[PDB]
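Residue numbers (the entry's author numbering), protein chains in the order written: chain A, 1579 to 1720, 1736 to 1861, 1887 to 1894; chain B, 97 to 329, 349 to 406, 666 to 789.
Built from N, CA and C at the ideal position, the CB exists for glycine as well.
Next up, the structure:
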């Protein structure tokens, strides 16, 4: 009855560890009982996971649940591939992205590219779930499977970049909410670097490399140049996140000097430390 | 004659603390006659008898907090119930309020219903000194007993203090303004009671064109200024807070400098601690429309072309700081240095929310070119850094600090 609060997920970690040290078939049943409740709640933004403490406790619960309780990945996929009720507030966007980060971490640590992509092909998701059209509605109020998965993650990079560089630190968001936007973007770009650098996700890497060369498909999707405009505006405020974006550009072979000559300040007042 | 009343009050004090047995024999009689004697010694004609009696109440209270405290609070309540001479009532009321957090939960509902008749009856008291003790007492009593009230109790006590917002005494007005807000703050239903008090306080001024008394305007603007710090996180609405803002701007144009000062102080609180929906409204383009003379067109708060803080910074600058003549400064005979220092502090707070409002021309439509050869910017208010008054000069330095910080953060260092 209280499972939306991360202090109760700490108690489920305790309860699950104890049944895993006696009845292994109580551990499986309780793991199904918890997972069949939490995945619908992540899909509806009903979990209180808008902090690094709460997101870290939810990540830990997914390591402690019995692997069979998550094994047909369809309920993870049907919980991840969803829109929020709105994007007009900061809180709803953060509850939505936090729930995606939790499930993305399960897919890349407890499943495989073959299992995930073959289920994404069968379940009939599409790239257009969070097109710029959908995003623009929800900000006012209300295919190959690797192409769907890659486009979904790269649309989230756009949403986080637009919010980090356009919201204001007393009007629209608090310093704690601004901190968690940066911690979510940092977590997303580390997931993308793991996916591209590990060699375990070769079809998603090929698809993402093809997407970064694509146009916006009639303005359905963020162009690489629109993402780079936002990232260039962060050089003065968030150098650590911009260096993760530089690392992503190299993993997809974007070696265009129109980016690299700006960040490296290539030759054609004390200066700013974040630029250095 | 004189020393006898001193030695009597002191010898009963010594005996009360010396008794040591305290098993409720005759000591319950002795402590009663001691407490009533000290509350008479504390309104005696001779200053040394009063100065002694205060030590004897304080000594007996601290000597008996461990054991007989329920009786101390009851004997203090009896003197508040008498409604007697001013110092005898004060001497009971502040001590009762110090001891109020020590009441056990089972006795709070009893003490509250016994004190609603008292706090209302003593609000009707004309003495300025009884009112300064009441201003200190209500926050302390309500922080302990307010959860044991119900809405009909709270509204009776709010209406008793709201009736004093009309008073000629600034002290009676201050006691009423602080009491009403503390009564909301310590209620069960705080958000309901803030919105209810906003509806009464706006109810006293809404028509705006009507012949409202200067005294009532001063009492209501003061009550809003204590309330605003509590509204930043049924509850207060955006439009209900827009009314407070529009009203606050209107009273900056009153003929009485007391009303101008009270309006500028309310405006300073609004920009230092804005409620979220009000912040959104005042920084949004067309935000309100989506729901010592001015000398030209400065726009209106309702204009579609701009954010409301742009009109606000023009209105303050045109009313108090600038004449329309480039690099010339309003005389200190025309506008007081106190009103000037407040106007500079309001502009510095508006520029913290929306720094584009600093860069504006003072008028939307230019003045007569034959009288005014060149146009004036709001940024001429930096000339007050050379003004003779240290507070005006210091307020102008805080405007420089707030402008630099606001522009650097709004631009994300893309200056």
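Cross-chain neighbours of residue i in chain B, by beta carbon under 9 Å
i	result
residue 1664 of chain A	Simply none; closest approach about 16 Å.
residue 1758 of chain A	786
Pairwise C-alpha distance: residue j and residue i
i	j	result
residue 1829 of chain A	residue 787 of chain B	6 Å
residue 1797 of chain A	residue 1788 of chain A	8 Å
residue 294 of chain B	residue 196 of chain B	29 Å
residue 392 of chain B	residue 1688 of chain A	44 Å
residue 1790 of chain A	residue 1715 of chain A	35 Å
residue 1831 of chain A	residue 1892 of chain A	7 Å
residue 189 of chain B	residue 111 of chain B	25 Å
residue 794 of chain B	residue 386 of chain B	Outside the modelled stretch of chain B, which goes from 97 to 789, sits residue 794 of chain B, for which no answer is possible.
residue 353 of chain B	residue 396 of chain B	8 Å
residue 266 of chain B	residue 367 of chain B	19 Å
residue 1679 of chain A	residue 1780 of chain A	7 Å
residue 1827 of chain A	residue 1775 of chain A	11 Å
residue 113 of chain B	residue 712 of chain B	53 Å
residue 323 of chain B	residue 1719 of chain A	32 Å
residue 1753 of chain A	residue 1674 of chain A	12 Å
residue 779 of chain B	residue 1749 of chain A	31 Å
residue 123 of chain B	residue 153 of chain B	16 Å
residue 1605 of chain A	residue 235 of chain B	54 Å
residue 1684 of chain A	residue 1698 of chain A	15 Å
residue 202 of chain B	residue 349 of chain B	30 Å
residue 134 of chain B	residue 244 of chain B	31 Å
residue 685 of chain B	residue 292 of chain B	30 Å
residue 1654 of chain A	residue 1647 of chain A	11 Å
residue 1580 of chain A	residue 1664 of chain A	25 Å
residue 1705 of chain A	residue 1744 of chain A	6 Å
residue 705 of chain B	residue 389 of chain B	32 Å
Coarse secondary structure for residue i, derived from DSSP in three states
i	result
residue 751 of chain B	strand
residue 1888 of chain A	coil
residue 735 of chain B	strand
residue 741 of chain B	coil
residue 696 of chain B	strand
residue 254 of chain B	helix
residue 703 of chain B	strand
residue 775 of chain B	helix
residue 768 of chain B	helix
residue 273 of chain B	helix
residue 1810 of chain A	coil
residue 1777 of chain A	helix
residue 1671 of chain A	helix
residue 368 of chain B	coil
residue 1622 of chain A	coil
residue 245 of chain B	coil
residue 134 of chain B	helix
residue 1762 of chain A	coil
Burial state of residue i (16 or more Cβ within 10 Å)
i	result
residue 1595 of chain A	exposed
residue 240 of chain B	buried
residue 313 of chain B	buried
residue 774 of chain B	exposed
residue 200 of chain B	exposed
residue 1812 of chain A	exposed
residue 1821 of chain A	buried
residue 184 of chain B	buried
residue 357 of chain B	buried
residue 1584 of chain A	buried
residue 737 of chain B	buried
residue 702 of chain B	exposed
Under 7 Å by beta carbon: chain B residues contacting residue i
i	result
residue 1668 of chain A	Neighbours of residue 1668 of chain A on chain B: none; closest Cβ ~11 Å, over 7 Å.
residue 1890 of chain A	787
8 Å Cβ cut-off: residues of chain B touching residue i
i	result
residue 1764 of chain A	394, 395, 398 and 727
Within chain A, partners of residue i - CB distance below 8 Å
i	result
residue 225 of chain B	What residue 225 of chain B touches in chain A: nothing, since even the nearest Cβ is about 42 Å away.
Where residue i meets chain A, residues with beta-carbon distance less than 7 Å
i	result
residue 783 of chain B	1762
Chain A contacts from the stretch 159-171 of chain B (Cβ-Cβ distance under 7 Å): none
Beta carbons nearer than 7 Å to chain B: which residues of the stretch 1642-1655 of chain A have them? none
Determine which residues of the stretch 1815-1834 of chain A have a Cβ less than 7 Å from any Cβ of chain B, and write them out in chain order. 1826, 1829 and 1830
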